[PDB]
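Excluded from the calculations below are hydrogen atoms, water molecules and symmetry mates; all remaining heavy atoms, backbone and side chain alike, are included. Note on naming: letters A, B, ... go to the chains in the order of the sequence lines (proteins, then strands), and numbering restarts at 1 for each one.
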Protein chains: 2
Amino acid sequence: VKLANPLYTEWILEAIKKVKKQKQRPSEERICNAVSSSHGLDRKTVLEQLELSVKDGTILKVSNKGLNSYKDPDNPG
Amino acid sequence: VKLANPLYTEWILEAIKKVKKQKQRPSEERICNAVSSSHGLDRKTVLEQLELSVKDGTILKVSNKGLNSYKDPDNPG
DNA sequence: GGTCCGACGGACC
DNA sequence: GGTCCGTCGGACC
Ligand SMILES: [Mg+2]
Ligand SMILES: [Mg+2]
């Protein structure tokens with residue numbers, strides 16, 4: 001019903017917004033860097049929480065023909 | 001003796017040099033983008049060949065505190 | 001000394 | 001009409 005850590009989900013949604021503000025695609029690596037830089041969470045954990053949040057439906061995973069990216073439901077474009 | 005496709009290894013080593021020339025860390029995502037942009041190889045294949053080349057010893061994988069990167073043995077530093 | 005972060009103009013579809 | 005590529009100064013350790 002909600003597997004992801006709710007606060008970690010919040011940190012990731014913050015990272016997505018920041019990475020987009022930096023005019024970059026919000027891919028796995030760039031989200032990990034942003035969450036690390038803002039909150040000190042380790043990359044391995046951010047990747048698990050990104051996966052879990054996608055299953056919860058609180059973060060959208062978009063399949064691009066190149067690199068996949070992730071979106072806030074509140075700003076799905 | 002060699003599990004990777006030798007030509008794909010060569011394309012990945014060119015990508016590592018190009019990514020470093022752009023003053024970025026040669027991580028998985030950035031190597032995939034560079035190989036895709038230069039030779040049209042799909043992300044899934046670049047990742048497998050990167051893993052195989054690391055096994056062959058023709059590409060070095062470096063453990064970083066944050067995001068791991070990849071190096072040409074010819075410029076290891 | 002050496003690596004690559006971060007901002008941003010503008011190419012791309 | 002919108003996304004993010006690609007450059008590069010300079011912050012970081
Ligand atoms: Mg100096
Ligand atoms: Mg326009």
Side-chain angles (χ1 to χ4, degrees), chain A residues 7-51 53-77, chain B residues 7-51 53-77:
Chain A
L7 180 73
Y8 291 168
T9 298
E10 223 52 47
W11 289 353
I12 290 165
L13 287 172
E14 294 175 7
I16 285 170
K17 174 181 311 268
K18 177 169 188 162
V19 170
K20 287 178 57 62
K21 176 170 183 294
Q22 287 176 333
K23 305 181 151 202
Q24 308 290 351
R25 171 163 286 172
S27 57
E28 274 164 25
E29 281 182 11
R30 291 184 183 273
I31 293 170
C32 287
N33 291 352
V35 178
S36 175
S37 147
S38 289
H39 300 283
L41 207 43
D42 59 294
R43 282 202 36 258
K44 203 205 155 320
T45 292
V46 175
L47 289 172
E48 319 175 300
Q49 289 291 310
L50 193 58
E51 268 200 47
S53 305
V54 161
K55 295 208 233 222
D56 290 339
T58 52
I59 293 164
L60 302 182
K61 180 166 193 203
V62 312
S63 95
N64 304 117
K65 289 51 203 160
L67 178 44
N68 292 162
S69 49
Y70 299 85
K71 300 204 181 174
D72 192 329
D74 207 44
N75 191 17
Chain B
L7 179 78
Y8 291 167
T9 297
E10 189 45 59
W11 291 355
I12 291 167
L13 285 172
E14 302 167 9
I16 283 165
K17 178 188 308 240
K18 178 186 197 12
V19 169
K20 292 180 57 62
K21 179 165 229 308
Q22 289 175 330
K23 310 180 137 195
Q24 308 288 353
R25 166 165 292 173
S27 60
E28 279 149 44
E29 283 184 10
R30 293 183 183 276
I31 288 164
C32 289
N33 288 359
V35 179
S36 172
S37 147
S38 280
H39 298 289
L41 201 46
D42 59 292
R43 173 186 29 178
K44 202 194 159 334
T45 300
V46 178
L47 287 178
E48 329 182 284
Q49 290 288 318
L50 191 58
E51 276 174 358
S53 302
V54 161
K55 290 191 179 98
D56 294 341
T58 50
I59 295 169
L60 308 184
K61 180 197 256 237
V62 309
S63 267
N64 299 302
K65 58 285 197 174
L67 183 46
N68 292 339
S69 44
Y70 299 86
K71 296 170 157 314
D72 193 329
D74 209 50
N75 182 85

Measure CG/B/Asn64 against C1'/C/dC4 and give the value in whole Å, please.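 Going from CG in B/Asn64 over to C1' in C/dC4 covers 11 Å.
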- B/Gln22 side chain near D/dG6 phosphate (N/O to OP1/OP2, under 4.0 Å):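 For B/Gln22, the contact criterion (side-chain N or O under 4.0 Å from OP1 or OP2 of D/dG6) is not met.
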To the nearest angstrom, the NZ-P distance between B/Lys20 and C/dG2 comes to 11 Å
Whole-Å distance separating the NZ atom of B/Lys21 from the P atom of D/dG6 |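 Value for this atom pair: 14 Å.
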Review point. Would a 4.5 Å heavy-atom cut-off, applied to side chains only, mark B/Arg43 and A/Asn68 as touching?
Key: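 The answer is yes; the side chains approach within 4.5 Å.
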When rounded to whole Å, the CG to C1' distance for the pair A/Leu67 and D/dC4 reads 11 Å
Check this for me, if you would: do B/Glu51 and B/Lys55 make a salt bridge, where the nitrogen-to-carboxylate-oxygen distance has to be below 4.0 angstrom? no
note: A/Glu29, atom CD; C/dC5, atom P; distance rounded to Å ~ 10 Å
Rounded to whole angstrom units, what separation is found between the CG atom of A/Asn33 and the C1' atom of C/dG6?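 Interatomic distance, CG of A/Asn33 to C1' of C/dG6: 11 Å.
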Side chains of B/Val46 and B/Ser36 in contact at under 4.5 Å (non-hydrogen atoms): no
Next on the checklist: Measure CG/A/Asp72 against P/D/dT3 and give the value in whole Å, please.
Outcome noted: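 Roughly 13 Å, once rounded to whole Å.
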Here the distance between atom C1' of C/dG6 and atom CZ of A/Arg30, to the nearest Å, is 10 Å
Worksheet entry | A/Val35 side chain near A/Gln49 side chain, heavy-atom distance below 4.5 Å | no
| message | Using side-chain heavy atoms (C-beta onward) and a distance below 4.5 Å, is B/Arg30 in contact with B/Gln22? | response |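 The answer is no; the side chains never approach within 4.5 Å.
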Point to revise | Close side-chain approach of B/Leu13 and B/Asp74, heavy atoms under 4.5 Å | key: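 When only atoms from C-beta onward are counted, B/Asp74 and B/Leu13 do not touch, as no gap falls below 4.5 Å.
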Identify all pairs in which a protein N or O lies below 3.5 Å from an N or O of nucleotides 10-13 of chain C, and state each distance.
unit_1 : atom_1 : unit_2  : atom_2 : d
C/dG10 : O6     : A/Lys23 : NZ     : 2.9

